[PDB]
Amino acid sequence: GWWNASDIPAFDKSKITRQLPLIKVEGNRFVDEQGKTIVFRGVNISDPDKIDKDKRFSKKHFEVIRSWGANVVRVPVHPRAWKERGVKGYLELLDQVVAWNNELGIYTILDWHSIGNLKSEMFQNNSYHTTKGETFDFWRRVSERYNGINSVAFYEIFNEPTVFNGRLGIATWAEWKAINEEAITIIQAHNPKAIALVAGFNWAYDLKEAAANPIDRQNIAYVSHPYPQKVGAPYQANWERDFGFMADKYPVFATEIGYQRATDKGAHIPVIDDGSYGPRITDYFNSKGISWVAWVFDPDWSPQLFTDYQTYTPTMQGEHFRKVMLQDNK
Ligand SMILES: OC[C@H]1O[C@@H](O[C@H]2[C@H](O)[C@@H](O)[C@H](O[C@H]3[C@H](O)[C@@H](O)[C@H](O[C@H]4[C@H](O)[C@@H](O)[C@H](O)O[C@@H]4CO)O[C@@H]3CO)O[C@@H]2CO)[C@H](O)[C@@H](O)[C@@H]1O
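Residues numbered from 1 in each chain as written, not as in the entry; some residues may be left out. Heavy atoms only, no water. Residues with missing side-chain atoms left out of burial classes, pairs and counts.

A. Spatial organisation of the pairing of strand β5 (residues 72–77). Summarising burial for β5: 6 of the 6 residues are buried, a large majority. By the alternation rule, side chains of β5 split into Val-72, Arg-74 and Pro-76 and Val-73, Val-75 and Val-77, which are all buried. The pairing of strand β4 (residues 41–45) with β5 spans 2 bridges and is classified as parallel. Opposite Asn-44, over in β5, you have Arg-74 as the bridge partner. In this structure, β5 lies alongside strand β6 (residues 107–112), joined through 6 bridges in parallel fashion. Note on β6: the bridge partner recorded for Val-75 is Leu-110. (Buried < 20%, exposed > 50% of the residue type's maximum accessible area, 1.4 Å probe, protein only. Helix = DSSP H or I, 4+ residues; strand = E, 2+ residues; numbered from the N terminus. Pairing = 2+ DSSP bridges.)

Right, here's the structure in full:
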């Protein structure tokens, strides 16, 4: 594993030729060098490990992302792929995504893509299995190697915290705050410009517990994954109550949203919807200044943003998020 990893090279500086502007948090906003507010709207790729196995791992794929108007790309590093490639093999993919995004002008979010209760080591399935030690070691290596590369602006500590109603144990917000604080200290000690993205429970949906007892670190923003079936009923009023109101105080980065019909490929709760969710959520996010990232720019993982690699034809949700990214990104 990670505890074996022998002499990993440093990032190859010759792979990039420009420095994107520095992003930072100021009160509830992301701002640039000049103090201008920046709202990010982007896509998740699938795991670089899958893209490479698909024989699609080249700059071309990221150039398509750029033509869809995205100004950020989230990279979901699965602990299973990190173990299968090994640290050295995996960093060879990850350095290429970082370099490509950098040359295309696109910011990167590094996402440690597990689901469940890290404190008790119970995960939604083995694809996500890790440990506190492996997670800290990952944050330590990536914050060390990408230090000073401004496009690597966001470090998303742990994709979706959930206890699944006790099926995955017990972990209070207080205990999850302390774990995020240690990860943030590691990351900031390697990379002082790093912005950490922190999530709460119900699969990174809730921010009420965070609001009542916020992470004690600076330059932090908060995550929500408000998929179509997280709540029904009056949608906006429910979203505002569960996580949206947080955006009046800290920036909120909604690092997954997506939807597809009951009959679409891989359709599953909570992503099923007639289609009215797309306009409704990007309007609501515009009303709150909330950044977001659609899931997933891949033709297999569900819900898909496009139908196949031959054409990159957008699906229903792809068409809508592409139109809004082209139109609203500044
Ligand atoms: O990771 C590769 C794999 O990913 C799938 O996409 C996932 C993302 O990895 C993940 O971040 C996220 O997870 C889902 C989660 O899998 C669901 O089990 C969970 O469902 C909850 C729901 O949120 C509750 O409100 C309801 O009460 O309970 C159910 C469980 O009973 O919801 C979260 C999201 O909230 O996002 C993606 C789902 O699109 C790919 O789709 C898959 O094809 C790939 O292997």
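Next comes the rest of the write-up.
B. Up close: helix α2 (residues 59–67). Along α2, the positions that sit buried rather than exposed are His-61, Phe-62, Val-64 and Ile-65. Viewed end-on, α2 has its buried residues packed into an arc of 150°, placing them on one side of the element. Looking at the buried side of α2, the elements it contacts are β4, α1 (48–53), β5, α3 (79–104) and β14 (291–297). At the C-terminal side of α2, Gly-69 shows a positive phi close to 90°. (Arc of directions from axis to C-beta. Contact = heavy atoms within 4.5 Å.)

C. Highlighting the packing of aromatic side chains. Evaluation of the coordinates by the stated rule reveals 37 aromatic pairs. Residue placement shows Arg-167 over the ring face of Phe-164; its charged tip is 5.6 Å from the ring centre. (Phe/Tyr/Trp six-rings, centres within 6.5 Å; stacked < 30°, edge-to-face > 60°. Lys NZ or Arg CZ within 6 Å of the ring centre and 35° of its normal.)

D. Local environment of the site of the ligand. For the ligand, the set of nearby residues contains 20 residues, the closest of which are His-78, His-113, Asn-159, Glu-256 and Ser-302. Take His-78: an N or O atom from its side chain is 2.6 Å from an oxygen atom of the ligand. Taking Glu-256, its side chain carries an N or O atom lying 2.6 Å from an oxygen atom of the ligand. Starting from 830 Å² of accessible surface for the ligand in isolation, the protein chains cover 75%. At a threshold of 2 Å from the grid points, most atoms of the ligand map onto the largest pocket. Partitioned by chemical class, the residues of the shell around the ligand number 10 nonpolar, 7 polar and 3 charged. (Near = heavy atom within 4 Å. Polar contact = N/O pair within 3.5 Å; in protein donor to acceptor, adjacent residues only side chain to side chain. Areas by Shrake-Rupley, 256 points an atom, 1.4 Å probe, with all protein chains shown as cover. 1 Å grid on protein atoms, 1.4 Å probe; cavity = no way out; pocket = protein on both sides within 12 Å on 5 of 7 lines; lining within 4 Å. Sits in = over half its atoms within 2 Å of the grid points. Nonpolar A, V, L, I, M, F, W, Y, C, P; charged D, E, K, R; others polar.)

E. Representation of the layout of surface pockets. Volume-wise, the largest pocket comes out at about 580 Å³. If you go around the largest pocket, you meet 27 residues; those closest to its centre are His-113, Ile-115, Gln-124, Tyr-128 and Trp-295. Class assignment for the residues of the lining of the largest pocket results in 9 nonpolar, 9 polar and 9 charged. In this model, the second largest pocket occupies a volume close to 360 Å³. Around the second largest pocket, the lining comprises 15 residues; the ones closest to its centre are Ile-38, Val-39, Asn-71, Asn-329 and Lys-330. Looking at the lining of the second largest pocket, its residues break down into 6 nonpolar, 4 polar and 5 charged. (Points joined across faces, edges and corners; volume = space filled by probe spheres on them.)

F. Region of the structure containing the pattern of salt bridges. Within this structure, the stated rule accounts for 22 salt bridges. A salt bridge links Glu-84 to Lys-53; the nearest nitrogen and oxygen atoms lie 3.4 Å apart. Of this pair, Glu-84 sits in helix α3 while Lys-53 sits in helix α1, and the two are 31 residues apart along the sequence. A single burial state applies to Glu-84 and to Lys-53, both of which are exposed. Salt-bridge contacts for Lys-288 lead to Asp-248; the nearest nitrogen and oxygen are separated by 2.9 Å. One end of the pair, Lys-288, is in helix α9 (residues 277–288); the other, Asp-248, is in the loop between α8 (235–242) and β13 (252–257), with 40 residues separating them in the sequence. Residues joined by salt bridges that share partners form a network here, namely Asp-49, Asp-52, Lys-53, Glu-84 and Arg-85. (Salt bridge = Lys/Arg side-chain N within 4 Å of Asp/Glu carboxyl O.)

G. Quick peek at helix α10 (residues 316–328). Its 13 residues give α10 an end-to-end C-alpha distance of 18 Å, which sits within 8% of 18 Å, the value for a rise of 1.5 Å per residue. Within α10, burial applies to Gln-317, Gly-318, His-320, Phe-321, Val-324, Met-325 and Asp-328. Residues of α10 that are buried sit in contact with β4, β13, α9 and β14. (Expected span 1.5 Å × (residues − 1).)

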